[PDB]
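The chain below stands alone, shown as structure tokens; this is the form deposited in one PDB entry.
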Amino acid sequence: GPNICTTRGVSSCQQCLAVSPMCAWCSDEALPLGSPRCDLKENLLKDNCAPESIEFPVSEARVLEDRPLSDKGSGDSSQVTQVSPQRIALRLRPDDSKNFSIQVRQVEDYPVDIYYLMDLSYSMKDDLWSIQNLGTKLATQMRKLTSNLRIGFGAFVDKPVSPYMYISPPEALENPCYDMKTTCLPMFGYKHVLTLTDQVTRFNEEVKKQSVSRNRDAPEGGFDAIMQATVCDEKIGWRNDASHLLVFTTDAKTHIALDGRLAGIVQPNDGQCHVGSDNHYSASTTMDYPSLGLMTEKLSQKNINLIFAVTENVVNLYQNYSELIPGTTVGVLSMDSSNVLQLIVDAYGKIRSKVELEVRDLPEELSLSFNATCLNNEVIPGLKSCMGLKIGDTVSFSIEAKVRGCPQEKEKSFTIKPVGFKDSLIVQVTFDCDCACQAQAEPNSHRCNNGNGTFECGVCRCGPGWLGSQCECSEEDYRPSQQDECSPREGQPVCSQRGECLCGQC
């Protein structure tokens, strides 16, 4: 009677449930009139239309894998749980929304992977001298924060191509700093020096065999190094069960995409691994610099926290870059990088002091709402990130998934994942826009003009010729009605000259 459920037509079961969640459909053979077999559940029940045949799908969110959150990540890193639930099954009927929860906890003794991406330009010659014993000093300071630390080293200057590199005279190619009467290394784009290893003494050995180079322009090809350090997992040596810190140390500006046109390079960065067996970025002279969007995507894809260890003269520039790249922090590096050890420890604490959610493979018809609940019981709504946390905290994010209309795939899955963590919640969406009566799928039967209309879910759905209650109009259904029901049997014209043949009724 009341509510749009009754007013918005009848058609079949597909139409009436597709309007609004409350609406229900009766498929069994019952009173032809009364309930438009499309009213609410209690109205339909009121008309006794449920011989255990009432159709009314309900949106549900049932978990599948619900391993509890781990308390310490020191041992059995493959069995460290930082997100619960890990997998849920979500059923959504059209235009309906169901809410679910996800607890994120950052364990204490989680393994850490620190890759030191050092700008080996000439202005960082003194910086290279303050790093000779960084590996030993880094292990001691990281000892209290983790029991499994791996460190690696990589270097970059810029693209080895004019005008970035001096090309004259021929002695300036094998020694770019000939004219200040010094010996340097030939310009390189990005060389991978040390694979991520737990033996921290290798970092000290490999860092004192490095030498700086000399380029011409102020900006450096650092984003090229960040891309290659991110996408070359097997070469750099990232671990799945570890935190990934990419310490990016530089003192000058950085080249961005479309800056490679100055050197004659127009081919965009494809985000692939181009480091060969010689540990050199082989596509540095043939491929443009990566853009912020592409670089951000690969950082999120590989779960890498990027740290800008930049000097004071470019601290504001990279602080503005960090606002566009999630999961990144900026530290003020010294002119000789004498405090990079304290910068890494502070950045790791700063990075782990914030938990930010990230959704991937979200269907275009799904809309998510996050109510962040940080320390204490502050349910800050509309926020998918908590800030000000510490190591060991357990935040919770209530999420509401709303679907516009009804997608035809009826089976989609997306993942909700904290930034920089492998652990994720896999949500399996199972849209329910069809009834159980459609499983029968009754074809044209004798109840619809002896085989002129499908008898599915009680109401005879049938082609434009034969319409009406019994799908027998054979014409339009209005003036000719379906079976001249307006004229009861014979001797009674259009309901005794009261109701004519209109709207397919007396």
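The first residue of the sequence shown is number 1, and the count goes up from there.
Heads up, the form solved in complex with a partner chain isn't pictured, but that's what we're talking about next.
With the partner chain omitted here, the record of contacts in the bound PDB entry names 218-226 of 389-397, 218-226, 431-439, 238-246, defined by a heavy atom within 4.5 Å.
Under a 4.5 angstroms non-hydrogen atom cutoff, the partner chain in the bound PDB entry lacks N371 among its neighbouring residues. Within this chain, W129 is remote from the site of the partner chain in the bound PDB entry, having no heavy atom within 4.5 Å.
Although the partner is absent here, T328 sits far enough away that none of its heavy atoms falls within 4.5 Å of the partner chain in the bound PDB entry. For the chain shown alone, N305 is not a contact residue for the partner chain in the bound PDB entry, no non-hydrogen atom being within 4.5 angstroms.
Shown without its partner, this chain lists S337, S284, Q106, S121 as candidates; in the bound PDB entry, only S121 has a non-hydrogen atom within 4.5 angstroms of the partner chain.
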